[PDB]
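Containing CSV, C-alpha atoms and all ligand atoms: query-v7.csv.
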chain,number,residue,atom,x,y,z
A,1,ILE,CA,-39.3,5.2,-2.7
A,2,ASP,CA,-40.2,8.0,-0.2
A,3,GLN,CA,-38.0,10.9,0.7
A,4,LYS,CA,-36.7,9.1,3.8
A,5,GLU,CA,-35.6,6.1,1.7
A,6,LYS,CA,-33.9,8.4,-0.9
A,7,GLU,CA,-32.0,10.0,1.9
A,8,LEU,CA,-30.8,6.7,3.3
A,9,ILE,CA,-29.5,5.7,-0.1
A,10,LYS,CA,-27.5,8.9,-0.5
A,11,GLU,CA,-26.1,8.7,3.0
A,12,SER,CA,-25.1,5.0,2.8
A,13,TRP,CA,-23.5,5.6,-0.6
A,14,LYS,CA,-21.0,7.9,1.0
A,15,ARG,CA,-19.8,4.9,2.9
A,16,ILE,CA,-20.1,2.4,0.0
A,17,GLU,CA,-18.4,4.5,-2.6
A,18,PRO,CA,-14.9,4.8,-0.9
A,19,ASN,CA,-15.1,1.0,-0.4
A,20,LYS,CA,-16.7,0.2,-3.8
A,21,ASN,CA,-13.8,-1.8,-5.2
A,22,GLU,CA,-13.6,-4.2,-2.3
A,23,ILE,CA,-17.4,-4.4,-1.9
A,24,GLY,CA,-17.8,-5.4,-5.6
A,25,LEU,CA,-15.1,-8.0,-5.4
A,26,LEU,CA,-16.5,-9.5,-2.1
A,27,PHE,CA,-19.8,-9.7,-3.8
A,28,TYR,CA,-18.4,-11.9,-6.6
A,29,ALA,CA,-16.7,-14.2,-4.1
A,30,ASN,CA,-19.9,-14.4,-2.0
A,31,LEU,CA,-22.1,-14.9,-5.1
A,32,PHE,CA,-19.9,-17.7,-6.5
A,33,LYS,CA,-19.9,-19.5,-3.1
A,34,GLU,CA,-23.6,-19.1,-2.5
A,35,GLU,CA,-24.7,-20.0,-6.0
A,36,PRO,CA,-21.9,-22.1,-7.6
A,37,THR,CA,-24.0,-22.5,-10.8
A,38,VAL,CA,-24.0,-18.8,-11.9
A,39,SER,CA,-20.2,-18.3,-12.1
A,40,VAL,CA,-20.2,-19.9,-15.6
A,41,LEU,CA,-22.2,-16.9,-16.8
A,42,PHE,CA,-19.4,-14.5,-16.0
A,43,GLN,CA,-16.9,-14.7,-18.8
A,44,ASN,CA,-14.9,-11.5,-18.6
A,45,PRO,CA,-12.3,-10.5,-15.9
A,46,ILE,CA,-14.0,-10.2,-12.6
A,47,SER,CA,-12.0,-7.1,-11.7
A,48,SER,CA,-13.4,-5.4,-14.7
A,49,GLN,CA,-16.9,-6.7,-14.0
A,50,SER,CA,-16.9,-5.4,-10.5
A,51,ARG,CA,-16.0,-1.9,-11.7
A,52,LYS,CA,-19.0,-2.0,-14.1
A,53,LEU,CA,-21.5,-3.1,-11.5
A,54,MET,CA,-20.3,-0.5,-9.0
A,55,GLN,CA,-20.4,2.3,-11.6
A,56,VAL,CA,-24.1,1.5,-12.3
A,57,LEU,CA,-24.9,1.4,-8.6
A,58,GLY,CA,-23.4,4.9,-8.5
A,59,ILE,CA,-25.6,6.0,-11.4
A,60,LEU,CA,-28.7,4.7,-9.6
A,61,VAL,CA,-27.7,6.8,-6.5
A,62,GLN,CA,-27.0,9.9,-8.7
A,63,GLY,CA,-30.5,9.5,-10.2
A,64,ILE,CA,-32.3,8.4,-7.0
A,65,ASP,CA,-34.5,11.5,-7.0
A,66,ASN,CA,-35.8,10.6,-10.5
A,67,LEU,CA,-35.4,6.9,-11.1
A,68,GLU,CA,-37.9,7.0,-14.0
A,69,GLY,CA,-35.2,9.0,-15.8
A,70,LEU,CA,-33.2,5.7,-15.8
A,71,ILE,CA,-35.9,3.4,-17.2
A,72,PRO,CA,-34.3,3.5,-20.7
A,73,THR,CA,-30.8,2.7,-19.6
A,74,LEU,CA,-32.1,0.0,-17.2
A,75,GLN,CA,-34.2,-1.5,-20.0
A,76,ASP,CA,-31.2,-1.7,-22.3
A,77,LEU,CA,-29.2,-3.3,-19.5
A,78,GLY,CA,-31.9,-5.9,-18.8
A,79,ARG,CA,-31.9,-6.7,-22.5
A,80,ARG,CA,-28.1,-7.3,-22.5
A,81,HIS,CA,-28.6,-9.5,-19.5
A,82,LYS,CA,-30.9,-11.8,-21.4
A,83,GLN,CA,-28.1,-12.2,-23.9
A,84,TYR,CA,-25.8,-13.2,-21.0
A,85,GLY,CA,-28.0,-16.1,-20.1
A,86,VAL,CA,-29.5,-14.3,-17.1
A,87,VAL,CA,-33.0,-15.3,-16.1
A,88,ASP,CA,-35.6,-13.6,-13.8
A,89,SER,CA,-35.0,-16.0,-10.9
A,90,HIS,CA,-31.3,-14.9,-10.8
A,91,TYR,CA,-32.3,-11.4,-9.6
A,92,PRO,CA,-33.3,-12.1,-6.0
A,93,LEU,CA,-30.2,-14.2,-5.5
A,94,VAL,CA,-27.9,-11.4,-6.8
A,95,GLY,CA,-29.8,-8.8,-4.8
A,96,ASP,CA,-29.6,-10.8,-1.6
A,97,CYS,CA,-25.9,-11.5,-2.1
A,98,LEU,CA,-25.1,-7.8,-2.9
A,99,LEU,CA,-26.9,-6.5,0.2
A,100,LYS,CA,-25.3,-9.2,2.4
A,101,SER,CA,-21.9,-8.2,0.9
A,102,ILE,CA,-22.3,-4.5,1.6
A,103,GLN,CA,-23.5,-5.5,5.1
A,104,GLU,CA,-20.4,-7.8,5.6
A,105,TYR,CA,-17.9,-5.2,4.5
A,106,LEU,CA,-19.4,-2.1,6.2
A,107,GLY,CA,-20.6,-3.9,9.4
A,108,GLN,CA,-22.3,-1.4,11.8
A,109,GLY,CA,-21.5,1.3,9.2
A,110,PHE,CA,-24.5,0.0,7.3
A,111,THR,CA,-27.8,0.3,9.2
A,112,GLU,CA,-30.9,-2.0,8.9
A,113,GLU,CA,-32.8,1.1,7.6
A,114,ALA,CA,-30.1,1.6,4.9
A,115,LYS,CA,-30.2,-2.1,4.0
A,116,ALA,CA,-34.1,-1.9,3.7
A,117,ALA,CA,-33.9,1.1,1.4
A,118,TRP,CA,-31.3,-0.6,-0.8
A,119,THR,CA,-33.5,-3.7,-1.0
A,120,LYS,CA,-36.3,-1.5,-2.4
A,121,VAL,CA,-34.0,0.3,-4.9
A,122,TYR,CA,-32.6,-3.0,-6.1
A,123,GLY,CA,-36.0,-4.5,-6.5
A,124,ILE,CA,-37.0,-1.5,-8.6
A,125,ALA,CA,-34.0,-1.8,-10.8
A,126,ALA,CA,-34.6,-5.6,-11.2
A,127,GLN,CA,-38.2,-4.9,-12.1
A,128,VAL,CA,-37.3,-2.5,-14.9
A,129,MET,CA,-34.5,-4.8,-16.1
A,130,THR,CA,-36.8,-7.8,-16.4
A,131,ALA,CA,-39.9,-5.8,-17.7
B,1,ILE,CA,15.5,-18.4,-4.0
B,2,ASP,CA,18.4,-16.2,-5.1
B,3,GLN,CA,19.3,-12.6,-4.3
B,4,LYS,CA,17.6,-11.1,-7.4
B,5,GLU,CA,14.4,-13.0,-6.6
B,6,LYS,CA,14.4,-11.7,-3.0
B,7,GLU,CA,14.7,-8.2,-4.4
B,8,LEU,CA,11.9,-8.7,-6.8
B,9,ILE,CA,9.6,-10.0,-4.0
B,10,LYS,CA,10.4,-6.9,-1.9
B,11,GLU,CA,10.0,-4.4,-4.8
B,12,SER,CA,6.8,-5.9,-6.2
B,13,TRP,CA,5.2,-6.1,-2.8
B,14,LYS,CA,5.3,-2.3,-2.9
B,15,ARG,CA,2.6,-2.5,-5.6
B,16,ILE,CA,0.8,-5.5,-4.3
B,17,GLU,CA,0.5,-4.3,-0.7
B,18,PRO,CA,-1.6,-1.1,-1.3
B,19,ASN,CA,-3.9,-3.3,-3.4
B,20,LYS,CA,-3.9,-6.4,-1.2
B,21,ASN,CA,-7.5,-6.4,-0.1
B,22,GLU,CA,-8.7,-6.1,-3.6
B,23,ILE,CA,-6.3,-8.8,-4.9
B,24,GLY,CA,-7.3,-11.1,-2.1
B,25,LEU,CA,-11.1,-10.7,-2.8
B,26,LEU,CA,-10.6,-11.1,-6.5
B,27,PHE,CA,-8.6,-14.3,-5.7
B,28,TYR,CA,-11.6,-15.9,-4.0
B,29,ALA,CA,-13.9,-14.9,-6.8
B,30,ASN,CA,-11.5,-16.4,-9.3
B,31,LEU,CA,-10.9,-19.5,-7.1
B,32,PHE,CA,-14.6,-20.2,-6.6
B,33,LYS,CA,-15.3,-19.8,-10.3
B,34,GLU,CA,-12.4,-22.1,-11.3
B,35,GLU,CA,-13.2,-24.8,-8.8
B,36,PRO,CA,-16.6,-24.4,-7.3
B,37,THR,CA,-16.1,-27.4,-5.0
B,38,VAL,CA,-13.5,-25.7,-2.8
B,39,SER,CA,-15.8,-22.9,-1.8
B,40,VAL,CA,-17.6,-25.3,0.7
B,41,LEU,CA,-14.3,-25.5,2.7
B,42,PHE,CA,-14.5,-21.7,3.4
B,43,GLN,CA,-16.8,-21.4,6.4
B,44,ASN,CA,-15.9,-18.0,7.7
B,45,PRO,CA,-16.6,-14.6,6.1
B,46,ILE,CA,-14.6,-14.1,3.0
B,47,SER,CA,-13.7,-10.5,3.9
B,48,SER,CA,-11.9,-11.7,7.0
B,49,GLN,CA,-10.3,-14.7,5.2
B,50,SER,CA,-8.8,-12.4,2.6
B,51,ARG,CA,-7.2,-10.3,5.3
B,52,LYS,CA,-5.7,-13.4,6.9
B,53,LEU,CA,-4.3,-14.7,3.6
B,54,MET,CA,-2.8,-11.4,2.7
B,55,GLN,CA,-1.3,-11.0,6.2
B,56,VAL,CA,0.6,-14.3,5.6
B,57,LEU,CA,1.8,-13.2,2.2
B,58,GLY,CA,3.1,-10.0,3.9
B,59,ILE,CA,4.9,-12.2,6.4
B,60,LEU,CA,6.6,-14.2,3.6
B,61,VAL,CA,7.8,-10.8,2.2
B,62,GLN,CA,9.0,-9.7,5.6
B,63,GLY,CA,10.9,-12.9,6.0
B,64,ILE,CA,12.0,-13.3,2.4
B,65,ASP,CA,15.8,-13.1,3.1
B,66,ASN,CA,15.5,-16.1,5.4
B,67,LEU,CA,12.5,-18.3,4.4
B,68,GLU,CA,14.1,-21.1,6.4
B,69,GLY,CA,13.2,-19.1,9.5
B,70,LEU,CA,9.5,-19.3,8.7
B,71,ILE,CA,9.5,-23.1,8.3
B,72,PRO,CA,7.9,-23.7,11.8
B,73,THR,CA,5.2,-21.1,11.2
B,74,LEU,CA,4.4,-22.6,7.8
B,75,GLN,CA,4.4,-26.1,9.2
B,76,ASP,CA,1.9,-25.0,11.8
B,77,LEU,CA,-0.2,-23.4,9.0
B,78,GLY,CA,0.0,-26.5,6.9
B,79,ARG,CA,-1.1,-28.7,9.9
B,80,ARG,CA,-4.2,-26.4,10.4
B,81,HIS,CA,-5.0,-26.6,6.7
B,82,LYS,CA,-5.1,-30.4,6.8
B,83,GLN,CA,-7.8,-30.0,9.5
B,84,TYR,CA,-9.8,-27.7,7.1
B,85,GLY,CA,-9.9,-30.6,4.5
B,86,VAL,CA,-7.2,-29.1,2.3
B,87,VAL,CA,-5.2,-31.7,0.4
B,88,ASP,CA,-2.0,-31.6,-1.6
B,89,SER,CA,-3.6,-31.1,-5.0
B,90,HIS,CA,-5.3,-28.0,-3.8
B,91,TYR,CA,-2.0,-26.1,-3.6
B,92,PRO,CA,-1.2,-25.8,-7.3
B,93,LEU,CA,-4.8,-24.7,-7.9
B,94,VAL,CA,-4.5,-22.0,-5.2
B,95,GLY,CA,-1.1,-21.0,-6.4
B,96,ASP,CA,-2.1,-20.6,-10.1
B,97,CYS,CA,-5.2,-18.7,-9.1
B,98,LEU,CA,-3.4,-16.4,-6.7
B,99,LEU,CA,-0.7,-15.5,-9.3
B,100,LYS,CA,-3.3,-14.9,-12.0
B,101,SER,CA,-5.3,-12.7,-9.7
B,102,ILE,CA,-2.3,-10.5,-8.9
B,103,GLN,CA,-1.5,-10.4,-12.6
B,104,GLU,CA,-5.1,-9.5,-13.5
B,105,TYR,CA,-5.4,-6.7,-10.9
B,106,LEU,CA,-2.1,-5.1,-11.5
B,107,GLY,CA,-1.8,-5.7,-15.2
B,108,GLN,CA,1.6,-4.8,-16.6
B,109,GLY,CA,2.4,-3.3,-13.2
B,110,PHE,CA,3.2,-7.0,-12.2
B,111,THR,CA,6.3,-7.6,-14.2
B,112,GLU,CA,7.3,-11.0,-15.8
B,113,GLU,CA,10.3,-11.1,-13.5
B,114,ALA,CA,8.3,-10.4,-10.3
B,115,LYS,CA,5.7,-13.0,-11.3
B,116,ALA,CA,8.4,-15.6,-11.8
B,117,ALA,CA,9.8,-14.9,-8.3
B,118,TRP,CA,6.4,-15.1,-6.7
B,119,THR,CA,5.7,-18.4,-8.4
B,120,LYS,CA,8.8,-19.8,-6.8
B,121,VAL,CA,8.0,-18.4,-3.4
B,122,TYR,CA,4.4,-19.8,-3.4
B,123,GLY,CA,6.0,-23.2,-4.5
B,124,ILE,CA,8.3,-23.1,-1.5
B,125,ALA,CA,5.5,-22.2,0.9
B,126,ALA,CA,3.3,-24.9,-0.4
B,127,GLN,CA,6.1,-27.5,-0.1
B,128,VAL,CA,6.7,-26.5,3.6
B,129,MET,CA,3.0,-26.6,4.4
B,130,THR,CA,2.6,-30.1,3.0
B,131,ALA,CA,5.9,-31.9,3.8
C,201,LIG,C1,-29.5,-4.3,-10.3
C,201,LIG,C2,-29.0,-5.5,-10.9
C,201,LIG,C3,-27.8,-5.5,-11.9
C,201,LIG,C4,-27.0,-4.6,-12.3
C,201,LIG,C5,-27.0,-3.0,-12.0
C,201,LIG,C6,-26.1,-5.2,-13.2
C,201,LIG,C7,-25.1,-4.5,-13.9
C,201,LIG,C8,-24.3,-5.1,-14.9
C,201,LIG,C9,-23.4,-4.4,-15.8
C,201,LIG,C10,-23.2,-2.9,-15.7
C,201,LIG,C11,-22.8,-5.2,-16.6
C,201,LIG,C12,-21.8,-4.8,-17.7
C,201,LIG,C13,-22.3,-5.3,-19.1
C,201,LIG,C14,-23.4,-4.5,-19.6
C,201,LIG,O1,-23.4,-3.2,-19.3
C,201,LIG,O2,-24.2,-5.0,-20.4
C,201,LIG,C15,-23.4,-6.5,-16.3
C,201,LIG,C16,-23.0,-7.7,-17.0
C,201,LIG,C17,-23.4,-9.0,-16.5
C,201,LIG,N1,-24.2,-9.3,-15.5
C,201,LIG,FE1,-25.2,-7.9,-14.4
C,201,LIG,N2,-26.3,-6.5,-13.3
C,201,LIG,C18,-27.4,-6.8,-12.5
C,201,LIG,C19,-28.0,-8.0,-12.2
C,201,LIG,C20,-27.5,-9.2,-12.7
C,201,LIG,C21,-28.0,-10.5,-12.3
C,201,LIG,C22,-29.2,-10.9,-11.5
C,201,LIG,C23,-27.1,-11.4,-12.9
C,201,LIG,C24,-27.3,-12.9,-12.8
C,201,LIG,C25,-26.3,-13.8,-12.8
C,201,LIG,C26,-26.1,-10.7,-13.6
C,201,LIG,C27,-25.1,-11.2,-14.4
C,201,LIG,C28,-24.3,-10.6,-15.3
C,201,LIG,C29,-23.5,-11.3,-16.3
C,201,LIG,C30,-23.3,-12.8,-16.5
C,201,LIG,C31,-22.9,-10.2,-17.1
C,201,LIG,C32,-21.9,-10.3,-18.3
C,201,LIG,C33,-20.5,-10.8,-17.7
C,201,LIG,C34,-19.6,-10.9,-18.9
C,201,LIG,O3,-19.2,-9.9,-19.5
C,201,LIG,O4,-19.2,-12.1,-19.2
C,201,LIG,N3,-26.3,-9.3,-13.5
C,201,LIG,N4,-24.3,-6.4,-15.3
C,202,LIG,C1,-0.7,-21.6,-0.3
C,202,LIG,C2,-0.5,-20.8,0.7
C,202,LIG,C3,-1.6,-20.6,1.7
C,202,LIG,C4,-1.6,-19.6,2.6
C,202,LIG,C5,-0.5,-18.6,2.9
C,202,LIG,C6,-2.8,-19.7,3.4
C,202,LIG,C7,-3.2,-18.9,4.4
C,202,LIG,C8,-4.3,-19.1,5.3
C,202,LIG,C9,-4.5,-18.5,6.5
C,202,LIG,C10,-3.6,-17.5,7.2
C,202,LIG,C11,-5.7,-19.0,7.0
C,202,LIG,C12,-6.3,-18.6,8.4
C,202,LIG,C13,-6.5,-19.8,9.3
C,202,LIG,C14,-5.1,-20.3,9.8
C,202,LIG,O1,-4.2,-19.4,9.9
C,202,LIG,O2,-5.0,-21.5,10.0
C,202,LIG,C15,-6.2,-20.0,6.1
C,202,LIG,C16,-7.3,-20.7,6.2
C,202,LIG,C17,-7.9,-21.5,5.3
C,202,LIG,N1,-7.4,-21.9,4.0
C,202,LIG,FE1,-5.5,-21.3,3.4
C,202,LIG,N2,-3.6,-20.7,2.8
C,202,LIG,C18,-2.9,-21.3,1.8
C,202,LIG,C19,-3.3,-22.4,1.0
C,202,LIG,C20,-4.6,-22.9,1.0
C,202,LIG,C21,-5.0,-23.9,0.1
C,202,LIG,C22,-4.2,-24.5,-1.0
C,202,LIG,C23,-6.3,-24.1,0.3
C,202,LIG,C24,-7.2,-25.1,-0.4
C,202,LIG,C25,-8.5,-24.7,-0.6
C,202,LIG,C26,-6.7,-23.2,1.5
C,202,LIG,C27,-8.0,-23.2,2.0
C,202,LIG,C28,-8.2,-22.7,3.3
C,202,LIG,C29,-9.4,-22.9,4.1
C,202,LIG,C30,-10.6,-23.8,3.7
C,202,LIG,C31,-9.2,-22.1,5.4
C,202,LIG,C32,-10.2,-22.0,6.5
C,202,LIG,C33,-11.3,-21.1,6.2
C,202,LIG,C34,-12.2,-21.1,7.4
C,202,LIG,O3,-11.9,-20.4,8.4
C,202,LIG,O4,-13.3,-21.8,7.4
C,202,LIG,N3,-5.6,-22.5,1.9
C,202,LIG,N4,-5.3,-20.0,5.0

Please re-express this file's structure in structure tokens.
Amino acid sequence: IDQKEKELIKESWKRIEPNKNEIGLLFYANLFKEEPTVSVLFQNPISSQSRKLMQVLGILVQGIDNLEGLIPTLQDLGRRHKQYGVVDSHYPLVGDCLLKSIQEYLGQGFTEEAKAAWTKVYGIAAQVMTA
Amino acid sequence: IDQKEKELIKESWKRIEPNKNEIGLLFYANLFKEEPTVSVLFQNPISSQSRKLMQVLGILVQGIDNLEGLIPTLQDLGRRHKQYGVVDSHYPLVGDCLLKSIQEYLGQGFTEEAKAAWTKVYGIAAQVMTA
């Protein structure tokens, strides 16, 4: 992640954050339609789940200048995901769906350059989570 | 529906409406989780679909004192639904899921009395759409 990518993340988050509740919920709707098999893994209220996901995305943005500082928390999160029945192959599907959902909700407000930066940040988070 | 029910619809809409985008999106997530098969019927972006659904709920509220007046609109809507592949048994599924989603998102802010009124209104709408 270069300084240009870090900037795009911070800038796009200013448009994501005010829309975070809707984006998170759209993401679940899209995920469950795209991959009908994974919805069985989500066993708590989706409203609450969405808030948790978007909170962590916020934490990634807040620490975007030092992501290594987040290795521990991301490792713990990946470990809990194993306990939820999540496997490595789920991660690209969720990443694709999340990025497509942000794109859908924000439209032109979300640039290709921003989407590319978020792709890399997600890939990094998923790498740490799956070890 | 009776006068008290009409009032409950109007008053409870004051809490539903400001949250309507979130409730709509949560509804599709819950719907697609509960019955993954229906998600194939939804061909257009879910963000736009949720807005359309919540627009019609708003119309039901606007017309709540004279639902008889909306019968032609609801009949047209029901006719279009048939074309989408929607069938009678889908209506209770959608109704249950919609009410549960409003309940989930608002928590105790969605009163037992308001929920009972909304249950009856959805039932009426469903009946007109499918008659
Ligand atoms: C960057 C990637 C991801 C992030 C930031 C993330 C974030 C979270 C968070 C914050 C929670 C709350 C529970 C906890 O903290 O342990 C959670 C739970 C969960 N996540 Fe993820 N997640 C990611 C990827 C995935 C993937 C790929 C899946 C695959 C389906 C997934 C499925 C689940 C499930 C099933 C739960 C538990 C739901 C329940 O409580 O029943 N997550 N995730
Ligand atoms: C119960 C009250 C319902 C209301 C108020 C409602 C509202 C709407 C509205 C406003 C549209 C936009 C298109 C149009 O106006 O014709 C729509 C489309 C649609 N509805 Fe409903 N609906 C209801 C019930 C259902 C049910 C029970 C199903 C069963 C799955 C369903 C599935 C669909 C599908 C598949 C579409 C088309 C999506 C697309 O554009 O591909 N709806 N609905």

Problem set entry | Residues within 12 Å of (-19.6, -20.4, -17.7), counting all atoms listed in the file, listed as a ChimeraX atom specification | /A:32,36-44,84-86 /B:33-36

For this session: Let me have all residues with an atom within 8 Å of ligand LIG 201 (chain C), counting only C-alpha atoms and all ligand atoms, laid out as a PyMOL selection string.
Result: chain A and resi 38-45+49+52-57+74+76-78+80-81+84-95+122-123+125-126+129

Put chain A on top of chain B with a least-squares fit on all C-alpha atoms, paired in order, and send it back as a CSV table (one decimal) with C-alpha atoms, in the coordinates of the input.
chain,number,residue,atom,x,y,z
A,1,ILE,CA,15.6,-18.2,-4.2
A,2,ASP,CA,18.6,-16.1,-5.4
A,3,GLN,CA,19.2,-12.5,-4.6
A,4,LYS,CA,17.6,-11.3,-7.8
A,5,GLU,CA,14.4,-13.2,-7.0
A,6,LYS,CA,14.3,-11.8,-3.4
A,7,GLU,CA,14.6,-8.4,-4.8
A,8,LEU,CA,11.7,-8.9,-7.2
A,9,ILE,CA,9.5,-10.1,-4.4
A,10,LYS,CA,10.2,-7.0,-2.3
A,11,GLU,CA,9.7,-4.6,-5.2
A,12,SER,CA,6.4,-6.2,-6.4
A,13,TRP,CA,5.1,-6.2,-2.8
A,14,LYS,CA,5.2,-2.5,-2.8
A,15,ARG,CA,2.6,-2.6,-5.5
A,16,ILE,CA,0.6,-5.5,-4.0
A,17,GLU,CA,0.4,-4.3,-0.5
A,18,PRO,CA,-1.5,-1.0,-1.2
A,19,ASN,CA,-3.9,-3.1,-3.3
A,20,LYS,CA,-3.9,-6.2,-0.9
A,21,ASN,CA,-7.6,-6.0,0.1
A,22,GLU,CA,-8.9,-6.0,-3.5
A,23,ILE,CA,-6.3,-8.5,-4.6
A,24,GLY,CA,-7.3,-11.0,-1.9
A,25,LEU,CA,-11.0,-10.6,-2.6
A,26,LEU,CA,-10.5,-11.0,-6.4
A,27,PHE,CA,-8.6,-14.1,-5.7
A,28,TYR,CA,-11.6,-15.7,-3.8
A,29,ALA,CA,-13.9,-14.8,-6.7
A,30,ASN,CA,-11.5,-16.2,-9.2
A,31,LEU,CA,-10.8,-19.3,-7.1
A,32,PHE,CA,-14.5,-20.1,-6.6
A,33,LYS,CA,-15.2,-19.7,-10.4
A,34,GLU,CA,-12.2,-21.7,-11.5
A,35,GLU,CA,-12.6,-24.5,-9.0
A,36,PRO,CA,-16.3,-24.5,-7.9
A,37,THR,CA,-15.7,-27.5,-5.7
A,38,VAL,CA,-13.3,-25.8,-3.1
A,39,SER,CA,-15.7,-23.0,-2.0
A,40,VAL,CA,-17.4,-25.5,0.4
A,41,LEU,CA,-14.1,-25.6,2.4
A,42,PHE,CA,-14.3,-21.9,3.2
A,43,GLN,CA,-16.7,-21.5,6.1
A,44,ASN,CA,-15.8,-18.2,7.7
A,45,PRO,CA,-16.5,-14.7,6.2
A,46,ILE,CA,-14.5,-14.2,3.1
A,47,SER,CA,-13.6,-10.6,4.0
A,48,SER,CA,-12.0,-11.9,7.1
A,49,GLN,CA,-10.3,-14.7,5.2
A,50,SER,CA,-8.8,-12.5,2.7
A,51,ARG,CA,-7.2,-10.3,5.4
A,52,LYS,CA,-5.6,-13.5,6.9
A,53,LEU,CA,-4.2,-14.7,3.6
A,54,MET,CA,-2.8,-11.3,2.7
A,55,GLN,CA,-1.2,-10.8,6.2
A,56,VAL,CA,0.7,-14.1,5.7
A,57,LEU,CA,1.8,-13.1,2.3
A,58,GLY,CA,3.2,-10.0,3.9
A,59,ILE,CA,5.0,-12.1,6.5
A,60,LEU,CA,6.6,-14.2,3.8
A,61,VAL,CA,7.9,-10.9,2.1
A,62,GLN,CA,9.2,-9.6,5.5
A,63,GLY,CA,11.1,-12.9,6.0
A,64,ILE,CA,12.1,-13.4,2.3
A,65,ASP,CA,15.8,-13.0,3.2
A,66,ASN,CA,15.5,-16.0,5.7
A,67,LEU,CA,12.6,-18.1,4.7
A,68,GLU,CA,13.9,-21.0,6.9
A,69,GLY,CA,13.1,-18.8,9.8
A,70,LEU,CA,9.4,-19.4,8.8
A,71,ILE,CA,9.5,-23.2,8.6
A,72,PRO,CA,7.8,-23.5,12.0
A,73,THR,CA,5.0,-21.1,11.4
A,74,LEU,CA,4.4,-22.6,7.9
A,75,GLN,CA,4.4,-26.1,9.3
A,76,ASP,CA,1.8,-25.1,11.9
A,77,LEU,CA,-0.3,-23.5,9.1
A,78,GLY,CA,0.0,-26.6,6.9
A,79,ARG,CA,-1.2,-28.7,9.8
A,80,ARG,CA,-4.3,-26.4,10.3
A,81,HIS,CA,-5.0,-26.8,6.6
A,82,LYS,CA,-5.3,-30.5,6.9
A,83,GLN,CA,-7.9,-29.9,9.5
A,84,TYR,CA,-9.7,-27.7,6.9
A,85,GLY,CA,-10.0,-30.5,4.5
A,86,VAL,CA,-7.2,-29.2,2.3
A,87,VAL,CA,-5.3,-31.7,0.3
A,88,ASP,CA,-1.9,-31.5,-1.5
A,89,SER,CA,-3.5,-31.3,-5.0
A,90,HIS,CA,-5.3,-28.0,-3.9
A,91,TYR,CA,-2.0,-26.1,-3.7
A,92,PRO,CA,-1.1,-25.7,-7.4
A,93,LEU,CA,-4.7,-24.6,-8.1
A,94,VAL,CA,-4.6,-21.9,-5.3
A,95,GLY,CA,-1.1,-20.8,-6.4
A,96,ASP,CA,-2.1,-20.5,-10.0
A,97,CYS,CA,-5.3,-18.6,-9.1
A,98,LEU,CA,-3.4,-16.2,-6.7
A,99,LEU,CA,-0.7,-15.4,-9.2
A,100,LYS,CA,-3.3,-14.9,-12.0
A,101,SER,CA,-5.3,-12.6,-9.6
A,102,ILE,CA,-2.3,-10.4,-8.7
A,103,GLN,CA,-1.6,-10.3,-12.5
A,104,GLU,CA,-5.2,-9.4,-13.3
A,105,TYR,CA,-5.4,-6.6,-10.8
A,106,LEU,CA,-1.9,-5.1,-11.3
A,107,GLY,CA,-1.8,-5.6,-15.1
A,108,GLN,CA,1.6,-4.2,-16.5
A,109,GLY,CA,2.4,-3.2,-12.9
A,110,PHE,CA,3.3,-6.8,-12.3
A,111,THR,CA,6.2,-8.1,-14.5
A,112,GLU,CA,6.7,-11.7,-15.9
A,113,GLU,CA,10.0,-11.7,-13.8
A,114,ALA,CA,7.9,-10.7,-10.6
A,115,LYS,CA,5.3,-13.4,-11.4
A,116,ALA,CA,8.1,-16.1,-11.8
A,117,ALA,CA,9.7,-15.1,-8.5
A,118,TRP,CA,6.3,-15.3,-6.7
A,119,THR,CA,5.7,-18.7,-8.3
A,120,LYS,CA,8.9,-19.9,-6.7
A,121,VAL,CA,8.1,-18.4,-3.3
A,122,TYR,CA,4.6,-19.9,-3.3
A,123,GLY,CA,5.9,-23.3,-4.2
A,124,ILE,CA,8.3,-23.1,-1.3
A,125,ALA,CA,5.6,-22.2,1.1
A,126,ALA,CA,3.4,-25.0,-0.3
A,127,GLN,CA,6.2,-27.4,0.1
A,128,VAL,CA,6.8,-26.6,3.8
A,129,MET,CA,3.0,-26.6,4.4
A,130,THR,CA,2.5,-30.0,3.0
A,131,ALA,CA,5.8,-31.5,4.4

Exercise. Which value, in Å to one decimal, gives the distance between CA of residue 10 in chain A and CA of residue 20 in chain B?
Worked result: 28.1 Å

For this session: Would you work out the distance separating CA of residue 51 in chain B from CA of residue 127 in chain B, expressed in Å to one decimal?
Result: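 That distance, rounded to one decimal, is 22.4 Å.
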
For this session: Show which residues sit within 12 Å of residue 3 in chain A, as JSON, numbers by chain. Count only C-alpha atoms, and ignore same-chain residues fewer than 5 positions away.
Result: {"A": [8, 9, 10, 64, 65, 66, 117]}

Problem set entry | All residues 9 Å or closer to residue 104 in chain B, all atoms listed in the file, same chain fewer than 2 positions away omitted, as an MDAnalysis selection string | (chainID A and resid 45:47) or (chainID B and resid 23 99:102 106:108 110)
